[PDB]
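Here's the structure, in structure tokens; my notes come after.
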Protein chains: 2
Amino acid sequence: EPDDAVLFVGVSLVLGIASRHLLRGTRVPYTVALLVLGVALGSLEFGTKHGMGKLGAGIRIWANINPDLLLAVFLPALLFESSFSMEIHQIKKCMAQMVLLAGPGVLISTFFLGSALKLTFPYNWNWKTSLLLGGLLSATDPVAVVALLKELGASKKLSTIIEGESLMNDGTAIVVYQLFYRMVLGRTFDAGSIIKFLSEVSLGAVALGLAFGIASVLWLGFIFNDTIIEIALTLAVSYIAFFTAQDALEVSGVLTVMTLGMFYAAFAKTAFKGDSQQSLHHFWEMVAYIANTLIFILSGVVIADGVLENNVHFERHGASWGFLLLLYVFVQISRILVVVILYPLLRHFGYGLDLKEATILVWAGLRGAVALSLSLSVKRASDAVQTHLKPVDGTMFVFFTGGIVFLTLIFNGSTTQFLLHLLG
Amino acid sequence: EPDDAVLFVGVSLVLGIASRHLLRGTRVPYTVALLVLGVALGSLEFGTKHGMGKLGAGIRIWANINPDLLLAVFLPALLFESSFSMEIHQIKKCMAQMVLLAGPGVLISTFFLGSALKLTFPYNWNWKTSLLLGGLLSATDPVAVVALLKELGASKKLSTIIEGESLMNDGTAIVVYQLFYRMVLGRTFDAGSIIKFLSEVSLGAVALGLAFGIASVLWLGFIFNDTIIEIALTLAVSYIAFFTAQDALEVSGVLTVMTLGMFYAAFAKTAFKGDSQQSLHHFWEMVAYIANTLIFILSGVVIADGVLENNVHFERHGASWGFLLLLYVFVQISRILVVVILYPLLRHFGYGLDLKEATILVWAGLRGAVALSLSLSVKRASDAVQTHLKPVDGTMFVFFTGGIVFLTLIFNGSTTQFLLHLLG
Ligand SMILES: CCCCCCCCCCCCCC(=O)OC[C@H](COP(=O)(O)OCCN)OC(=O)CCCCCCCCCCCCC
Ligand SMILES: CCCCCCCCCCCCCC(=O)OC[C@H](COP(=O)(O)OCCN)OC(=O)CCCCCCCCCCCCC
């Protein structure tokens, strides 16, 4: 029973090197193909009652993964790679634009989308739950989009903005979700309580980043003439900061591992010199790639589970499927809404954002596994004793987040190719 | 509860980079210090009833790891690194000596040690169980010894022999253990059945190695101008061969991942050229190092658990502790016995083995985690419905294998320094 999982990890990574050997340089990028293959395996095991004898058991184990673990195992090997592969040149001039786009943006979007669904969805949802789903659907991780913006070699400003916006969006999205979750549970909040919660959980978590950064930079300076330990040290530090933030200090872990990666991007030269700097990057690249292959295939599996696990109960009558496209058009309308509201500030701050770059920011709102963890968090709570939340409500969120994950990458991610190559 | 484990992984790897920054170039090598720190943490959590609030939960989760999983997660990242870092020059001339030392050797040792304990141990053990423990205690993995034999730069022949002997010893030790386990369960064997079991489980598993090797060498040849996928491919192939051997074809996995690593050591040049060959090694080095830091600390934790989990029941009256040194002196006497019996063959075959190298082969019988998995296998069966095996019998094996693991590394591994530096 335990080994079936090691089988699935191996099979999923082999599917990764197939879909990268093929589908490279073609018009169909990596991530969309990964997610489709994941949905394929998930459908083959769950839907087909014949089942698969060995792989199927491991697929089922990985599909029942706990969401907190789903974040803890993977994100510290994704956010760190992103925050480390960026450069100081652009970050110090784009920081104004991304922080202005990833805290106010998510507040606006959450407000809008939450209101929208509660008004036009007959499932008898309430304001807190609807704003809860808004906070869920407010994260962004356009991996395919940054991949293209480096493949076709566009301006680096757009790429830096669109990465950091995704990072600080994942962070503040988890923060707003946690707030609305405490709200749904029954905890009452006043203005001071909320302005203390957000302030601490954002800015206090940010400090842990550089605390660990300076400590581990000194300890990288003490070590002489070595590369293997220095790299394993950085890896262990990234993996320990996430736990020190999410479970020890009751603060956000994404901003912690994000402030730790850019601090390393700032002080890489003092700690690593010669070939040691070059190897540091290659190793981290693999950890990224592996972590990228497994996250997308697993994601697909999960979402397939979420459609078929209770297929008799829901995801059969077509009315739910129409509401799913309604929520989709609601998602981009709010993205458009956020960028229209924030256009003047984004204009004067940093380097000027022209209309076309604003057009790419309207696109590239691809959803990521970070919100899959949150949807699965709500469903796990709903199955257990819950107040206001009921199992069918968790049932709903799992398909709605999963559907927007599939729809955004297949449509927004694939057609991003057309806008940059021909229209621009 | 799940995150406590990610905390322990991070903490254990940080302890690794501490014990390697210190204790490097000193007379106290890496592995012994790792194992002592592991025993320290295990003792602090289990013995001290005060407990540790967070780390302790993760320590307990990792200490309750299933043995089959304990092998499957780690060994494919250890045996492959070993079988890949070796060179063709020596392997083709030492192969005769190691195969002659790791199949007949283990048969001799198992026979001797099994008989010895059954004769001089009053616990009312039977011949099958005693030979079972003999097969347990017949594995070797002297990591510290190969580390020294490369640090002080001795002849490569000794190093190659002493690595491959450890590899094929792990393999054939697991094979003999499985045979004696089927025996203990109740399955009856005749001469033909045994000569079929061993033949298939050894030589048929050996074929899977090169099947996967040639397949993955062709698929490394199709891919052009790339490094990240080629390396992730090799990793995934190593991790899938273990499962294809141990659970799909009912054969040994150690010889499979071992024939896959040397085939790559043979055909590295055709598949990887330029910097891609150099990076391939560095990445694998880390996977080795990490896997080496976690295996030893976890091992220590486990053995500490095995002494204190039932401290009231056993490991308190001194009589058991005396039998533990008796078994220790029995262990080296059989090592001496095996090499004395195999001396003439080892003489003429390959390059001549002189008396001093035979003296180092008498030493360097350090026990490894490979036999920890087997001891934990017997205990898990003993707790459940069992025939002939009873819980106290599994209770015994766990301390006896664990004690010989601690005693061999602290005594045989540390004093190996003295023999090579001054006596030779
Ligand atoms: C370099 C990597 C560093 C960190 C790696 C992980 C650190 C320790 C991992 C131990 C976690 C497993 C503990 C456990 O109980 O597993 C069960 C898990 C969750 O499923 P359950 O719902 O059954 O949870 C039971 C608890 N209520 O069932 C599962 O399906 C578990 C699957 C996930 C386990 C971890 C997989 C490792 C993947 C390696 C690649 C990571 C990216 C670099
Ligand atoms: C690059 C790595 C490739 C392969 C990595 C692993 C592949 C998939 C891992 C999933 C396995 C976890 C599944 C599970 O149920 O975990 C529980 C595990 C065993 O403990 P239990 O006795 O509770 O087992 C329950 C079943 N009866 O409880 C535990 O304590 C689990 C601890 C071990 C989990 C794996 C840790 C990963 C370590 C990464 C480093 C590996 C070396 C490179």
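Here's how to read the names in the structure tokens: chain A, B, ... by the order shown, residue numbers from 1 in each chain, ligand numbers from 1 in the order shown.
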Task: At most 7 Å to chain A: residues in chain B, only C-alpha atoms, as a ChimeraX atom specification - done: /B:2-3,7,10,13-14,17,21,69,72,223,228-229,233,236,239-240,243,283,286
- [ ] Tell me which protein, DNA and RNA residues are within 7 Å of residue A:288, counting only C-alpha atoms, leaving out same-chain ones fewer than 5 positions away, and put them as a ChimeraX atom specification.
- [x] /A:77-78,81
Task: Spatial neighbours of stretch 342-345 of chain A, 9 Å, only C-alpha atoms, chain gap at least 3 places, as a VMD selection string - done: chain A and resid 97 100 to 101 104 to 105 337 to 339 348 to 349 353 358
Residue neighbourhood residue A:369, 9 Å, only C-alpha atoms, exclusion window fewer than 6 positions, as a PDB file with C-alpha atoms, in the first residue's frame:
ATOM      1  CA  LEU A  70      -0.073  19.779  -0.293  1.00  0.00           C
ATOM      2  CA  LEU A  71       1.182  23.318   0.262  1.00  0.00           C
ATOM      3  CA  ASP A 141       0.244  31.645 -10.836  1.00  0.00           C
ATOM      4  CA  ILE A 295       2.168  19.769  -8.821  1.00  0.00           C
ATOM      5  CA  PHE A 296       0.328  19.940 -12.194  1.00  0.00           C
ATOM      6  CA  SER A 299      -3.658  18.883  -9.555  1.00  0.00           C
ATOM      7  CA  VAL A 405      -8.235  26.143 -12.852  1.00  0.00           C
TER       8      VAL A 405
END
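The coordinates place atom CA of residue A:132 at 5.5 Å from atom CA of residue A:180.
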TODO: Check stretch 120-208 of chain B with DSSP on the backbone and list each residue it calls alpha helix (DSSP H), as number ranges by chain.
DONE: B: 120, 127-136, 143-151, 156-185, 191-199, 205-208
